[PDB]
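Notes for the one structure printed next.
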Amino acid sequence: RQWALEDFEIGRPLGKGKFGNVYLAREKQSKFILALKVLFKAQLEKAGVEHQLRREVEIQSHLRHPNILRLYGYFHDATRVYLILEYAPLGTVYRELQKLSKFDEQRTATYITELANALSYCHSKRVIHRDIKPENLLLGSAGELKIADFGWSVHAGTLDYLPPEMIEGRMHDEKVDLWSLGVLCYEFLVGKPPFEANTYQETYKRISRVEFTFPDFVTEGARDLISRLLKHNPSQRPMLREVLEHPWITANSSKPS
Numbered sequence: 126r127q128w129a130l131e132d133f134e135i136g137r138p139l140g141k142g143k144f145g146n147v148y149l150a151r152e153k154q155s156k157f158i159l160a161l162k163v164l165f166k167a168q169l170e171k172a173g174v175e176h177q178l179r180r181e182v183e184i185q186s187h188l189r190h191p192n193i194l195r196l197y198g199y200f201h202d203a204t205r206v207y208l209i210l211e212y213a214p215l216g217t218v219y220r221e222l223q224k225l226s227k228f229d230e231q232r233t234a235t236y237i238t239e240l241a242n243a244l245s246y247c248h249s250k251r252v253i254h255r256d257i258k259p260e261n262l263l264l265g266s267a268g269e270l271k272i273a274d275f276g277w278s279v280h281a291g292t293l294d295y296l297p298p299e300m301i302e303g304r305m306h307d308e309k310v311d312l313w314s315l316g317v318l319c320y321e322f323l324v325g326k327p328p329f330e331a332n333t334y335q336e337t338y339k340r341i342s343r344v345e346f347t348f349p350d351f352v353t354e355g356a357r358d359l360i361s362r363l364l365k366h367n368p369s370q371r372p373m374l375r376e377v378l379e380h381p382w383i384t385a386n387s388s389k390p391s
């Protein structure tokens, strides 16, 4: 952490967010490579997502896990607010999916394993995640998957990754995470989310109905796991331990539980 913008040399823009840009950066005193996220206070207040941001930063701060992107610290200008983040050199899972069209079973199972580990750790800390997107998944130097969005919750846009209970306005719990796994496991293997449609309304209906089909190249194990994850009823969804111990996972995953 630092107290000012002058503590960092700003490098190439890693990406542009809706509220502000992210840069590659180096802490001058220690030559420390990190990611510097810039946000505008006015923009945050326009949506009133300021308090949400503060809470999410607070939650993220207490999370220490190899498969979760680290928040080193933060400061403000004003107007600008700066987040100091772990730099993931291998970019997003989204871009990787864009490059490889789809992932093989081993890579998919591995990513799912890392995800389930991180989320299990979060559940131990009574931390529940919102929707998980591939653009919000980064890759470390060893290619390790890292959850990078700060969408956490402590109390019990595109709809592609939201569970039925959240889009229907029903009460949601930790089970949400498992649903996300399902979607991701599908997308990794197929190249597109299972409820993708050209229309928001269509996607809404397809999610609410849990209306999806498998391409022929999807194996029985993958179909089984995904089908168990994509339950309309959150209660019928398995636990993360059952996921980590799923035959298909254990058969294809490189990383242990």
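Note that the sequence shown covers residues 126 to 281, 291 to 391 in the entry's author numbering. By construction, the Cβ of each residue, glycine as well, lies at the ideal position given by its N, Cα and C atoms.
Next item on the list: Just list the alpha helix (DSSP H) runs in the region 305 to 345, keeping only unbroken ones of 4 residues or longer that don't cross its boundaries, in chain order.
Entry: Residue ranges of uninterrupted alpha helix (DSSP H) with 4 or more members, entirely inside the region 305 to 345 and ordered along the chain, are 309 to 324, 334 to 342.
Next item on the list: Please go through the same chain and pick out, in chain order, the residues whose beta-carbon is closer than 7 Å to the beta-carbon of residue 284, but skip the five residues on each side of it.
Entry: You won't find residue 284 in this model, because the chain goes from 281 right to 291.
Check: Okay, do the region 301 to 310 and the region 214 to 228 touch, 3+ Cβ pairs below 8 Å being the bar?
Finding: Touching, no, given that fewer than three Cβ pairs across the two stretches are closer than 8 Å.
Next item on the list: Count the other CB atoms, across all protein chains shown, that sit within 10 Å of the CB of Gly316; report buried if there are 16 or more and exposed otherwise.
Entry: Classification of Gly316: buried, given that the 10 Å Cβ count is 16 or more.
Check: Across which residues does DSSP place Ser278 in a beta bridge pair?
Finding: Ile253.
Margin query: Could you compute how far the alpha carbon of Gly173 sits from the alpha carbon of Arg180?
Written below: Rounded to whole angstroms, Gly173 to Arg180 spans 13 Å at the Cα level.
Margin query: Can you look up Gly140 in the DSSP assignment and give me helix, strand or coil?
Written below: Note: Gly140 maps to strand in three-state DSSP.
Margin query: I'd like the list of long-range same chain contacts for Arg357, defined as Cβ closer than 8 Å, with 5 residues on each side in sequence excluded.
Written below: Excluding the 5 residues flanking it on each side, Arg357 has same chain C-beta neighbours closer than 8 Å at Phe348, in chain order.
Notebook entry, point to check: Between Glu345 and the rest of its own chain, which residues show a CB-CB distance below 8 Å, the 5 nearest in sequence each way excluded?
Noted result: Cβ neighbours of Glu345 beyond the five flanking positions: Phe329, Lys339.
Item checked: Under the three-state DSSP convention, the category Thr217 falls into -> The DSSP-derived three-state label of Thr217 is strand.
Check: Do you know offhand how far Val377's Cα is from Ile383's?
Finding: Distance between the alpha carbons of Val377 and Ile383 is about 8 Å.
Next item on the list: Rounded to whole angstroms, what's the CA-CA distance from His280 to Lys250? Just pull it up for me.
Entry: Approximately 12 Å between the Cα atoms of the pair.
Check: Touch check for the region 131 to 145 and the region 160 to 175: three-plus C-beta pairs under 8 Å?
Finding: Yes: at least three Cβ pairs fall under 8 Å.
Next item on the list: Work out the CA separation of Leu215 and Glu152 for me, nearest whole Å.
Entry: Answer to the nearest angstrom: the Cα atoms are 20 Å apart.
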